[PDB]
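What follows is a pair of forms of the same protein chain, given separately as C-alpha cells and numbered structure 1 and structure 2.
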Structure 1
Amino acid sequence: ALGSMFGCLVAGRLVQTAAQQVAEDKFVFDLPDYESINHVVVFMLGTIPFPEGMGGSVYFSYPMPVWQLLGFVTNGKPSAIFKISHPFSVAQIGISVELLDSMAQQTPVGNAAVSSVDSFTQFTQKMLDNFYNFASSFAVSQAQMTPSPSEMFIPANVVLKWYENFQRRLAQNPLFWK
C-alpha cells in the first residue's frame, strides 16, 4: 500500500505505528493500561505528508470515554508532546485530518507539561476565591477604619488586578512561569 503515516509513543513504551483507520481521514491508536500513561508523543513518520491545506488535530479519550483536543501536528511542525496524567482501562489517541484554516479557530487544552491548560486558570480562580472568601469578612472602608496610623492595609482590588495580569501573561505564554 502506501504505509503508515503516524507514530504514537507512550513514554515508557515502544512507538505504535499501526493505527486503526476509522474513516478516510481519521486514525485511532488504542493505548492499554491508561493509569500508567504520563506522556504521549505523537508524530509524523516522514513517509507521507499532509495533503494541501491540511493538518492533523490530535484528540485523547479516557475512562464511558470522554474526548479532549490536545493540539495539532502539521508538515511544518510534525511532532508534539502531550502531558496526560466532535470528530470521533483503555485510552485512545485520535488523529483527524482537517483544514489548516479550521485548526486555527480551535482551542486545544493540551500541553507538554500539564494535562490541561485550563487547570492553570482553574487553580488561580480557586486560589483567589479561597483568599477572598477568607478576607472578605475583614474588609473595611476608610470610614470604617479605627484610628491606627501604623497598621498596614492592602486594597481589596489587588485580587482583580493580579488576576488580570495573570490572564495576560498566560495568554502570551502558558509556560511563562516554568
Structure 2
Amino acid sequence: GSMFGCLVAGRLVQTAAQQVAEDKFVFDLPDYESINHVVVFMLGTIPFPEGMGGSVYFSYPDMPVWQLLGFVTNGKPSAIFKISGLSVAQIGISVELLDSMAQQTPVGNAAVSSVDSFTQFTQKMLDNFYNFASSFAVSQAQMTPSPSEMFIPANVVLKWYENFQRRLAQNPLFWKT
C-alpha cells in the first residue's frame, strides 16, 4: 500500500509513490538542482513486515544511477538525507530484509547529523588555513638561518583539531555562552 512520505523543503509532501515493483516505491524530484536535502518518512499507516526495512535510494539520470542514501525502519521511521553532490531525479525506497540492509553501505555525504554545521565550518577553516599557510611552510633544513625568526610548528593543527573533536563529541555546545 501507501506507507511512505517524501518531502523537499519548500514543496508539498508527496505521499503517492509510483510502485515499480511489489517491494519498490519511487518519487519524482523535479528541478532537482535546487534540492539539497530530502525528508523520507513512514506515513504511520503500514509498518514493515517482520524482518523487513527500507533501503532509500537516489537517482540522477546522466541514464539512471542509484546511490544508497540510508535506511528507514519501524524504530527509525524517518530520515533527512543530503542530496547535494550525489531535471527530474528520483527517490527510491526498496523494502529489504534487515540482515541484507545490515551488510549494505550507504554513501557517506548522505548522512545528516546534529553537528554538521560545526564540523563543516571547522574543517573549512582548517582547509582555508592549510591552503594559505602551507605555501610558506619549510623544514629546518630549508630555513634561512635567522636566529630571531619566529615559526609555528605545523602539527599544532592536528593537535587542535583532535582536541576539538573530543570536545564536540562530548558536548556540541561546549562553546556556547
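C-alpha atoms forming the largest set that superposes within 1.5 Å between two forms make up the rigid core. Structure 1's sequence is the ruler for residue numbers, which start at 1.
- In the two-part rigid description of the change between structure 1 and structure 2, residue 172 is assigned to a different part from residue 85.
- A two-part rigid-body description fits the chain between structure 1 and structure 2; in it the smaller part is rotated by 16 degrees against the larger.
- Here the two forms are laid over each other by their core, and the C-alpha of residue 135 is off by 12.9 Å between structure 1 and structure 2.
- When the rigid core is fitted, residue 113 shows a C-alpha shift of 6.0 Å between structure 1 and structure 2.
- The two forms line up on their rigid core, and residue 13 then has its Cα shifted by 1.1 Å between structure 1 and structure 2.
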